[PDB]
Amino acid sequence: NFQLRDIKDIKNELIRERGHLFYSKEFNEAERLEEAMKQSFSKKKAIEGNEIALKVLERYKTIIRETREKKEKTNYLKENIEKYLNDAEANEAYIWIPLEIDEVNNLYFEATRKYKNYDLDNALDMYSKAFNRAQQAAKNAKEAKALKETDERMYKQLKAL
């Protein structure tokens, strides 16, 4: 099981991940319930307080578990965006599809502004759009490149032979 200290520690960790900022509503709610538990204990009702305390622990654990989950998903999308933007830049993307590359850089930027305003959910949506368009960008860069190689390789033969 657990004790009073257990909450101190979980709550400390949650603050350390800025859980209270990413989920300020659910954090106000768990803090209101922590008060209730404190009244219980001070009014000498250990069973009632302990019954509330098991909940406060789980309300606090949810906030970190989900903060962590989306943090990890967020920086997976980030690393993959840079990976496919590389693959696209390697395939002449600033020749054939430069404005497609700008859109991605812009989506990624605006997603980071959302992330910094502690809006994990909308931040993740725009990082997912940016991801989808990095994939699409990498593809269109290859297809475009391959097309140019074919057209100039025909056209060399025609104009001489």
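Counting begins at 1, following the sequence as shown.
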- Item | Residue stretch of maximal mean CA temperature factor, 37-45 vs 52-60 | 37-45
- Got a sec? Mean C-alpha B-factor, which is higher, 15-23 or 148-156? 148-156
- Query: Out of 106, 132, 112, 28, which shows the largest CA B-factor listed in the entry?
  - Reply: 132
- Going by the recorded CA B-factors, say which third of the chain residue 141 sits in, lowest, middle or highest. middle
- Which third of the chain does residue 118 land in by C-alpha B-factor: lowest, middle or highest? highest
